[PDB]
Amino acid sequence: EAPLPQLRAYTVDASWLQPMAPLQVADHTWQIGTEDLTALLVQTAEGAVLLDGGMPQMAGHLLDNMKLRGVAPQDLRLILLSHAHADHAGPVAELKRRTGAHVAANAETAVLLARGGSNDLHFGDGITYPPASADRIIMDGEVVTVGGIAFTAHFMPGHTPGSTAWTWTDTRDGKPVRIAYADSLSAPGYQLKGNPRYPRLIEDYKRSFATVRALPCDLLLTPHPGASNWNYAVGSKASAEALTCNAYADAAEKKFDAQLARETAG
């Protein structure tokens, strides 16, 4: 008779694993991940910051791209996260071992990271990755500064309880560019209504749409570039179609409301 099933790997679309060379976003900020997963390197005079790392197998590629930017592994000071799912926080444990960087995250993200994404409220154990510890717990609105560049956290729970937007002001052409790295606002396959593991899920998403609308933003980026209409594969045109924060929140809320009604409709 049937044995128990084999473990199943977390597999993703090939484009999520397609390496790309560093793509400059602003004077200090570079996309160094893959064509379809964001990993932002912010280079300061006193070390570098990494916002997300993508999938677990991207660790070596990130370090290669850091080197192309002039950033040795030991020059990475800080890792920040949008949320601690395997496709965004995947390589954090290995990056910490190889660079000595600290991780700063809120308490929800810290607990999810420390169990390697296992016992996910919606996905169970299907997206487990190597666990890592947060070295600094941050609060809503708290400012983290590296090399004089200030990163502000904005909690936007929903996609995960610890989902966070990060904002900072870079420059281009002598003018300030307020960058907003807003987290995912999707709820893929989630039970939204009356979820015993997340009883206030709908209230949190609804508040998070409003938080995203209010972010300081001249240039929006998202963990999945397509969610904000970026196309990392087309170089200097990558940002051309990028959404505003208002438009990103509006699109996400329309999808959310439609899913809520479909969930009511079985």
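Start at 1 with the first residue shown and count on from there. Here the rigid core means the biggest group of C-alpha atoms that line up within 1.5 Å when the two forms are laid on top of each other.
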Segment of greater CA departure in 8 other deposited structures of this protein, 182 to 190 or 167 to 175, core superposed | 167 to 175
Return whichever of 218 to 226 and 40 to 48 has the greater mean Cα B factor according to the PDB record.
-> 40 to 48
Of 254 to 262 and 16 to 24, the one with larger mean CA B-factor | 254 to 262
Going by the deposited entry, which of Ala240, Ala59, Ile32, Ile202 has the highest CA temperature factor?
-> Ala240
Have a look at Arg77, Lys96, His154, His159 and flag the one whose Cα has the highest B-factor in the entry.
-> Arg77
Chain third (lowest, middle, highest) by recorded CA B-factor, residue given as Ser118 | middle
According to the PDB entry, is the CA B factor of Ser82 in the bottom, middle or top third of its chain, that is, lowest, middle or highest?
-> lowest
Looking at the entry's B-factor column for C-alpha atoms only, identify whether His88 ranks in the lowest, middle or highest third of its chain.
-> lowest
Within this chain's modelled residues, let me know which third the CA B factor of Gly141 belongs to: lowest, middle or highest.
-> lowest
Sorting the chain's modelled residues by C-alpha B-factor, tell me whether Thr164 ends up in the lowest, middle or highest third.
-> lowest
